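We begin with a single chain expressed as structure tokens, specifically the form deposited in one PDB entry.
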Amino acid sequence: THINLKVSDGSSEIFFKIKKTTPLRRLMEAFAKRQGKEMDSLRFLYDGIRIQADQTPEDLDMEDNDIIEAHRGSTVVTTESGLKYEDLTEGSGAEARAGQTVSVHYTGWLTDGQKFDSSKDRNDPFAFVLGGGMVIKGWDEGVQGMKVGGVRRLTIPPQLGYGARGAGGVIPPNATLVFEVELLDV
């Protein structure tokens, strides 16, 4: 009667138990609500083809514990330091440049989807001197060339992050870090 289903974001994996007779829109909206994002902004796949919210698990021949991929073209850049970045939204305002004090909103996750900090929780934009060594090296390099309005996803290897020691209580040794950085002002 019921089925268990895993929805994967490439990092986080959330399990859902729904009735096979139900259309998957409630699963989609529920997975989208946790991310605090609208459902329109995410495309769900199952065995390749995109899921329309009108379809049901039975209508798609889903077995217990099958997986659904979740996604937002996409252009992931790898720089000479190992930094990876992807511009989710291209800004059209001014360009962030070393020496400026730039203001941002951000969320930071471990590569298992676990969120460890966010300026949005206190609804308090974060400012810093770009390239001045106030922040982990992955930010000083990753936020240069953003434009006001932009959302950039930074994937920071540990030596551009907190290294072999990590950060007390929260960030393990050798952790790769993922940040969505929104540039507010330069």
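Residue positions are given as counts along the sequence shown, with the first one as 1. Just so we're on the same page, rigid core means the largest C-alpha set that superposes within 1.5 Å between forms. Residues that one form lacks are left out of the comparison.
We do not show the form deposited in another entry, though everything after this point is about it.
Asker: Tell me, which of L130, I156, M62, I136 is the one whose C-alpha shifts by at least 2 Å between this form and the one not shown, with the rigid core superposed?
Answerer: Going through each option, the one that shifts is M62.
Asker: After superposing the rigid core, is the C-alpha displacement of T22 2 Å or more between this form and the one not shown?
Answerer: True for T22: a C-alpha shift of 2 Å or more.
Asker: Rigid core fitted, then: does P172 show a CA shift of 2 angstroms or greater between this form and the one not shown?
Answerer: It does not, since the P172 C-alpha is displaced less than 2 Å between this form and the one not shown after the core fit.
Asker: Any chance the CA of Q35 moves 2 angstroms or more between this form and the one not shown, core superposed?
Answerer: Result for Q35: yes, a 2 Å-plus shift.
Asker: If the C-alpha spacing of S11 and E90 moves by 3 Å or more in the other entry, is that a move closer or farther apart?
Answerer: Compared with the shown chain, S11-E90 is closer in the other entry.
Asker: Check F31 against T176 at the C-alpha atoms and report closer or farther in the other entry, compared with the shown form; the change is 3 Å or more.
Answerer: Farther apart, which means the C-alphas of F31 and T176 are at least 3 Å more distant in the other entry.
Asker: Report the moving segments between this form and the one not shown: consecutive residues, 3 or more per run, each with a CA shift of 2 Å or more after superposition on the core, given in sequence order.
Answerer: After core superposition, the one displaced run is 1 to 72.
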